[PDB]
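Chemist: experimental structure and sequence below.
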Amino acid sequence: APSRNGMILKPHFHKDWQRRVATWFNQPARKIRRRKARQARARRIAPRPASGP
Amino acid sequence: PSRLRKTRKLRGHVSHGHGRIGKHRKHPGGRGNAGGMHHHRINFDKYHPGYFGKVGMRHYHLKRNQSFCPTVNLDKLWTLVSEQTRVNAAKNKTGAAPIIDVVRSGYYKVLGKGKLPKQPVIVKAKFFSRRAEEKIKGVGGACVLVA
Amino acid sequence: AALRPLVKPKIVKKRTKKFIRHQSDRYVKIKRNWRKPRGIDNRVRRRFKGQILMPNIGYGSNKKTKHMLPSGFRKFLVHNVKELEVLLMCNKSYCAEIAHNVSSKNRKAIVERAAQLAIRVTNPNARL
Amino acid sequence: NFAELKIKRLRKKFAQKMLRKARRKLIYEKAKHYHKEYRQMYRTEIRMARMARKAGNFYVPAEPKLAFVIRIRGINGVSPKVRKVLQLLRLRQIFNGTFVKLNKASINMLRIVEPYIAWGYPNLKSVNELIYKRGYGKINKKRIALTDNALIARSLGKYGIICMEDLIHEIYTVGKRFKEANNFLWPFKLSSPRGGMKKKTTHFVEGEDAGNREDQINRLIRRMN
Amino acid sequence: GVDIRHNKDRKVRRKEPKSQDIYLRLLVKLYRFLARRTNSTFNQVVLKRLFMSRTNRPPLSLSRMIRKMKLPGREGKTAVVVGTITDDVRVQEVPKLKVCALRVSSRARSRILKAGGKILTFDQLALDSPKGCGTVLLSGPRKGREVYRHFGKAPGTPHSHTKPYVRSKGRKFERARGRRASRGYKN
Amino acid sequence: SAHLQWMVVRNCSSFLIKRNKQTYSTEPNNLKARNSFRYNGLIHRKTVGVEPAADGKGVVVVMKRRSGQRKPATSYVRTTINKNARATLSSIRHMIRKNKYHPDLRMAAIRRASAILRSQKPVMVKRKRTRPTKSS
RNA sequence: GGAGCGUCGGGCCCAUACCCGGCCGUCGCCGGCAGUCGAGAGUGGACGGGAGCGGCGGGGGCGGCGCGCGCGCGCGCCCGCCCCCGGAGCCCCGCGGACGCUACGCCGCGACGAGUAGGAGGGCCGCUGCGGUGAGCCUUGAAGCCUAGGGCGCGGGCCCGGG
RNA sequence: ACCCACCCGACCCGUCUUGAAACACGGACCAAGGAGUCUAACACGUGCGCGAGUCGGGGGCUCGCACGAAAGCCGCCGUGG
RNA sequence: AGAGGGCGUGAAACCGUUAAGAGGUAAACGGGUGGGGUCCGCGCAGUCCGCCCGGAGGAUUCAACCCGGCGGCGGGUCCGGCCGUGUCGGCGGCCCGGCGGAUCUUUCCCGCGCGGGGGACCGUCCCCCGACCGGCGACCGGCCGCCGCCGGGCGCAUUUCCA
Ligand SMILES: [Mg+2]
Ligand SMILES: [Mg+2]
Ligand SMILES: [Mg+2]
Ligand SMILES: [Mg+2]
Ligand SMILES: [Mg+2]
Ligand SMILES: [Mg+2]
Ligand SMILES: [Mg+2]
Ligand SMILES: [Mg+2]
Ligand SMILES: [Mg+2]
Ligand SMILES: [Mg+2]
Ligand SMILES: [Mg+2]
Ligand SMILES: [Mg+2]
Ligand SMILES: [Mg+2]
Ligand SMILES: [Mg+2]
Ligand SMILES: [Mg+2]
Ligand SMILES: [Mg+2]
Ligand SMILES: [Mg+2]
Ligand SMILES: [Mg+2]
Ligand SMILES: [Mg+2]
Ligand SMILES: [Mg+2]
Ligand SMILES: [Mg+2]
Ligand SMILES: [Mg+2]
């Protein structure tokens, strides 16, 4: 029940959302992995720009 | 910080701050915005005048970038450029007037709030107000349309 | 001939008995430890005649003699020797308690040092 | 530097001591006058009646100016109109009292609080005994006992009232500056009535203690003050 | 038993600042002293303001500080502001001022000093003038905060112009039954 | 400053010691062991500190220069006084009063020295006084 | 011949009410104290000429704004001084300032103090783990446990002794 | 503070209730366990930083992370909010 | 083994016993005293200490003073020099001072009208000396005054210690 003034607000937590929460504890581990993989790809394409084409 | 919160101070007391005549039952009003019309109506129509009902035209595939038109007021037009354009001017003695490309700085329209200092300009912009035009002319300048 | 405190006034206490907890007598599960009653009817919490008393700030000690031991000092729980030398410039108003957990060798080391500095000890003749 | 200043400070010191002496002497003469004034008032009321009585006549003396008003019942279950007036006489606690100048307005306010007060026309002695034994100033809103005239003066000296004696004369004659001398006095916290009362709840006339008892408020004063 | 209501016996005003920061607290120690020992009520007002909240000491714009000193007669003075001095990009020519502030933003600082302005801290103001003599005590607009536009007689209460708390403005966020005449009614 | 760093320190210093309703402070060159502004060795530009001598006989006064704090190695300047009690006090008195240095302190500095010279009382004498040791 | 009923006296009895006093807390005081004169405060101080027992010859006011501990004075000798606290000796000291001043400290005056539901503040109350910190404590005995032992705190609780 | 005596006082708690010592319910006793949490969104208050701006994400550059899945920096500093 | 194979610690309920005390209004409780126990602190006078003083005994070197040395403080002449704030002079760092700029110039250079770099210009940051002023806890050097320590002097109406 609403009590005296406030946004009549609609949250979208009626489905079973806690079954599909996606945490981000990866992200540092991820960020590194990309970065290694990046440095490897440079080293493979030896004098070619790391960039791409 | 649980340490600071209220339930630490309620420990010992029976009702936990929810009273003992009426209690803390689950959902006595109904869940959420239930009763907007019936039984919660007064709150809705004294803090949300106009919740209920349709109005105006539908618009199916709205794409916001078509209507993109960020405005800027004369108020702070000179802010767009380095002070030393506004200084090398009120000086110079050619009656030059420096250009101000407003679209470069990220505003499309030029509306007309504020006093513009007596110091000629050439304002390039996608759109202008009527008043913004007038003020600009009164300074001794020239509005300039750009695509 | 023990260490006299600077000023040895009459401590005067408003209440001597412990406030005990309602129905701590009747039950082994309830402990003496005071608890305010919050019961809707409660002889005690609504101050009837003939019941156990409720502690107020009314019973409060006089500020001159609050924490004053019978001897006239206030305790200060010393933990090792270095910690004593604090009291050096009080001694006439604070005494030294030595801690339970301190060993019977260095209990001794504290006591004789306090005896140099004339700080009164509140549990000296003990560990041995 | 030194001996010039010292003498200047000694001079200052003396000029104070002189002034103190002066104001003391004023106080002393002001009393002496008020002694003569109250004497003259007392006799010249008797003077009058005797002279009426000499003729086949009557001397109806003045209706009283001033009355002491004691709150004689407590602070539970008391009607809102009464309660308001009782806190317009500053009679909040039971057995508080105040002087009160009489007039159509004032008297009727006492009429609306009748079974809550005992009151009437205080003696000279009553005004003294109340002021000396239980005379407390309102001085920066702190009830403070009138230990010296430096207190009374500091507050009421802008009215010509510079001592306990002046105060007593302002209260008793109900002067110009009564409102300001009477309000200065903190309401009189009197003890319980020694020897007891007759009946709290009923009027004086009908045996009890409440209401106007005119002369007899002075007996009550002595057994409470 | 006595009849008083004990209801509004405790006054709710602040005494110290609620902040724990040490430099402000030194200013408070200084202005407590001055407040009590000087007759200047300037010190008292300043002291009072050092205890107030961020909300309660709003920023004073440069243009507002200009125009308040442009006023006739308060010339060759010092403006004082327990809040912060901010810039106005929509003012150009800045006269040479004297200023006290707890803060001045880096732009506002430049503009003033470029003009030949002097900036003072509050410890400096005290030595300069312990009884607040020859000062202009200003304040930022208290009721600037967008907050206040929701305060007052509620929306949907005839002749109120009180912003409702709404998730997002647009065609179909409120503006139906209770604003149009066409839809029920209007206030 | 002095005051600024007292704001930083007042409640947090390692030298402080609350407990048992008192408070104290263990920082060096604090005569009176107080967690005070006045009586704090570390904070003030000019400092007094009256420790006992390591010998076991006598007292050391510990001034602080002003020359250069920033360089703690050189900052304090110690001075043993191992004289006839009454003299010791007077030397401390003059150090404090006639140099106009930390005049606030001084009587506290005398009492400290006094208490220190008491300390070096006689331990053996105290033992004799407490017990009569007569007729078992 | 009331220990009954109606009318009335004195006298005495006691509630957490009233009065005085103590002590605790809360509220209030534009409260006080970062080091100074001062108690209805109603000035202080240069400095220049002219002088001196002169003064400011104003109300039965009973009086506050002016008077009798000195203004000039004792000493050096009509003229000079009327001097400095590293020393007037102090009830006021403006030359420097607590035993006191953790300024979240310390101190002073008043007033007041029922409380369910409920709200807020403070807890050097209590539990477990983390960063700091105690040149902490501990096999010369930690934690826990038990105790007609000693104490502190209004209390949550706490500290010591012995086992 | 252990026990005993005596005078006065004194019904059993919890709870729902206008009203509970109730012939109203729950409770033989002790130990341990045991109930206003976390996430999201809003609003107001307060504290801090910057202020016509502010912002940090997401991404990237710096390390094998002992402490680091931290810390730092970015014409990305502002795509964008 | 007061760790004995379901055995570390070993709480409470509950039970056994031992000791003490009580006992016809179920017990238990609050307030107030008394009596008894348990221990705890004593005293085999607790007359408790500390200043200063007077007297009476006994014992070491001084203090006061100078002299020599060291260290510290404070000061102004800012005296001499280092130090830094505000201002003015050098246009002097300006190219031997860099960044920033929608200020300018493509008279320039290089790379392809644009990019990069010069070159002007403005804003900002640094050298040279003189002058005025806040002479600032930012330091040195001499001189002064004062303090303290060590050692020299001083032998005893002194300055200590002790009873
Ligand atoms: Mg890519
Ligand atoms: Mg609630
Ligand atoms: Mg309930
Ligand atoms: Mg409800
Ligand atoms: Mg009830
Ligand atoms: Mg009644
Ligand atoms: Mg009635
Ligand atoms: Mg209340
Ligand atoms: Mg209450
Ligand atoms: Mg409650
Ligand atoms: Mg129900
Ligand atoms: Mg019912
Ligand atoms: Mg019940
Ligand atoms: Mg029944
Ligand atoms: Mg039921
Ligand atoms: Mg049952
Ligand atoms: Mg549990
Ligand atoms: Mg906020
Ligand atoms: Mg074992
Ligand atoms: Mg076992
Ligand atoms: Mg084990
Ligand atoms: Mg038996």
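Modeler: That came through fine. Numbers count the residues shown, from 1 in each chain, chains lettered A, B, ... in the order given. Ligands and ions are numbered 1, 2, ... in the order given.
Chemist: the residue in chain E that chain D sits nearest to: which element?
Modeler: Going by CB to the nearest CB, chain D is nearest to residue E:1 of chain E, at 4.4 Å. Placement of C-beta: from N, CA and C, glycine included. Using DSSP states H and E, residue E:1 maps to neither a helix nor a strand.
Chemist: kindly report the same for residue D:30.
Modeler: Using DSSP H and E, residue D:30 falls in helix D:2-54.
Chemist: is RNA strand G contacted by whichever helix in chain E runs longest?
Modeler: Longest helix of chain E, by residue count under DSSP state H: helix E:22-37. Yes - interface with RNA strand G: helix E:22-37 contributes E:25, E:28, E:29, E:32, E:33, E:36, E:37 (CB under 7 Å from any atom of the strand).
Chemist: which of those residues count as buried?
Modeler: E:25, E:28 (16 or more other CB atoms under 10 Å in any protein chain shown).
Chemist: would you point out which residue is most central in chain C?
Modeler: Centroid-nearest residue in chain C: residue C:67, 6.2 Å away (criterion: CA atoms, centre = their mean).
Chemist: got the contact list for the residue nearest to that residue when sequence neighbours are not counted?
Modeler: In this structure, residue C:67 finds its nearest non-sequential neighbour in residue C:74, 4.9 Å apart by CB to CB, 6 or more residues apart in numbering or on different chains. By CB atoms under 8 Å, 6 or more residues apart in numbering or on different chains, the contact list for residue C:74 reads C:67, C:68, C:93, C:94, C:95, F:20, F:21, F:22.
Chemist: quick one: the fourth one and chain B, what's the gap?
Modeler: According to CB to the nearest CB, to the nearest Å, residue C:94 and chain B sit 32 Å apart.
Chemist: who are the contact partners of the residue in chain F that RNA strand H sits nearest to?
Modeler: Here chain F gets closest to RNA strand H at one residue, residue F:7, 13.4 Å apart by CB to the nearest atom of the strand. By CB under 8 Å, 6+ apart, the contact set of residue F:7 is E:22, E:25, E:26.
Chemist: ok, back up a step: list of residues touching the longest helix of chain E?
Modeler: Contacts for helix E:22-37 (CB under 8 Å, 6+ apart): E:16-17, E:19, E:40, E:43-44, E:46-47, E:50-51, E:102, E:122-123, E:126, E:130, F:3-4, F:7-8.
Chemist: sitting in strands, which of those residues do you find?
Modeler: residue E:102 (DSSP state E).
Chemist: now, of the contacts of helix E:22-37, which are buried?
Modeler: Here, 16+ other CB under 10 Å leaves E:17, E:40, E:43-44, E:46-47, E:50-51, E:102, E:122, E:126, E:130, F:7 buried among the contacts of helix E:22-37.
Chemist: quick check, nearest of those to RNA strand I?
Modeler: Nearest to RNA strand I among the buried ones among the contacts of helix E:22-37, with distances taken as CB to the nearest atom of the strand, is residue E:126, at 15.6 Å.
Chemist: please name the residues that touch the closest one.
Modeler: E:30, E:31, E:34.
Chemist: in chain B, which spans are strands?
Modeler: B:71-73, B:99-101, B:109-111, B:122-125, B:127-128, B:142-145.
Chemist: wait, which of those is closest to chain C?
Modeler: Closest among these, using CB to the nearest CB: strand B:71-73, at 62.6 Å.
Chemist: elements contacting that closest one?
Modeler: For strand B:71-73, the elements it packs on are strand B:109-111, judged by 3 or more CB pairs under 8 Å, 6 or more residues apart in numbering or on different chains; DSSP states H and E.
Chemist: who does the strand it packs on pair up with?
Modeler: According to DSSP bridges, strand B:109-111 forms sheet pairs with strand B:71-73 (parallel), strand B:127-128 (parallel).
Chemist: is the closest residue to residue E:152 other than its chain neighbours in a helix, a strand, or coil?
Modeler: Distance criterion CB to CB, 6+ apart; nearest residue to residue E:152, sequence neighbours excluded, is residue E:162 at 4.7 Å. Under DSSP: H, G, I helix; E, B strand; the rest coil, residue E:162 falls in the coil class.
Chemist: tell me the contacts of residue E:162?
Modeler: E:149, E:150, E:151, E:152, E:153, E:154, E:155.
Chemist: how near is it to RNA strand G?
Modeler: Distance, residue E:162 to RNA strand G, using CB to the nearest atom of the strand, to the nearest Å: 26 Å.
Chemist: for residue B:19, same thing?
Modeler: From residue B:19 to RNA strand G the distance is 3 Å (CB to the nearest atom of the strand).
Chemist: what about that residue, neighbour count?
Modeler: 10 (other CB atoms under 10 Å in any protein chain shown).
Chemist: again with residue E:187
Modeler: Residues near residue E:187, counting by other CB under 10 Å: 15.
Chemist: quick check: phi and psi at the residue nearest to residue C:67.
Modeler: phi -110, psi 150 (degrees, to the nearest 10).
Chemist: roughly how far does it sit from residue B:141?
Modeler: Distance, residue C:74 to residue B:141, using CB to CB, to the nearest Å: 84 Å.
Chemist: from the contacts of residue E:162, pick the one nearest residue D:19.
Modeler: Checking the contacts of residue E:162 against residue D:19 with CB to CB, the nearest one is residue E:151 at 59.9 Å.
Chemist: count the neighbours of the closest one for me.
Modeler: 12.
Chemist: quick one, what contacts it?
Modeler: residue E:162.
Chemist: and the helices in chain A, which stretches?
Modeler: A:27-44.
Chemist: please apply the same query to chain F.
Modeler: F:2-9, F:72-75, F:86-97, F:106-119, F:123-130.
Chemist: now swap in chain E and tell me
Modeler: E:22-37, E:41-50, E:62-70, E:106-114, E:122-128.
Chemist: most tightly packed of those helices?
Modeler: Of all the helices of chain E, helix E:41-50 has the most neighbours on average by mean count of other CB atoms under 10 Å in any protein chain shown, namely a mean of 19.
Chemist: ok, the residue of chain D found nearest chain A - how many residues close by?
Modeler: Residue of chain D nearest chain A, by CB to the nearest CB: residue D:80 (31.7 Å). Neighbourhood size, residue D:80 [other CB under 10 Å]: 7.
Chemist: for it, give its distance to residue D:112.
Modeler: In terms of CB to CB, residue D:80 sits 11 Å off from residue D:112.
Chemist: for residue D:156, same thing?
Modeler: For residue D:156 relative to residue D:112 (CB to CB), the value is 30 Å.
Chemist: circling back: reformat the strands of chain B as CSV; add distance to residue E:57 and mean neighbour count.
Modeler: Formatted as CSV, the strands of chain B follow (distance: least, CB to CB, whole Å; neighbours: other CB atoms under 10 Å in any protein chain shown):
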stretch, distance to residue E:57, mean neighbour count
strand B:71-73, 28, 18
strand B:99-101, 37, 18
strand B:109-111, 33, 20
strand B:122-125, 39, 20
strand B:127-128, 40, 18
strand B:142-145, 42, 14
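Chemist: picking that back up, so which of the contacts of residue E:126 comes closest to residue A:7?
Modeler: residue E:31 (42.1 Å).
Chemist: which positions in chain F make contact with chain E?
Modeler: F:3, F:4, F:7, F:8 (CB under 8 Å from any CB of the partner chain).
Chemist: what about RNA strand G: which of these touch it?
Modeler: Counting by CB under 7 Å from any atom of the strand, no member of these reaches RNA strand G.
Chemist: near chain E, which residues of chain B? Just list them.
Modeler: B:45-56, B:75-76, B:78-79, B:86, B:114, B:117.
Chemist: can you give me the strands for chain C?
Modeler: Using DSSP E, strands in chain C cover C:77-78, C:97-98.
Chemist: now render those as JSON lines, adding distance to residue F:80 and mean neighbour count.
Modeler: As requested, those are arranged in JSON lines below (distance: least, CB to CB, whole Å; neighbours: other CB under 10 Å):
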{"stretch": "strand C:77-78", "distance to residue F:80": "28", "mean neighbour count": "20"}
{"stretch": "strand C:97-98", "distance to residue F:80": "32", "mean neighbour count": "21"}
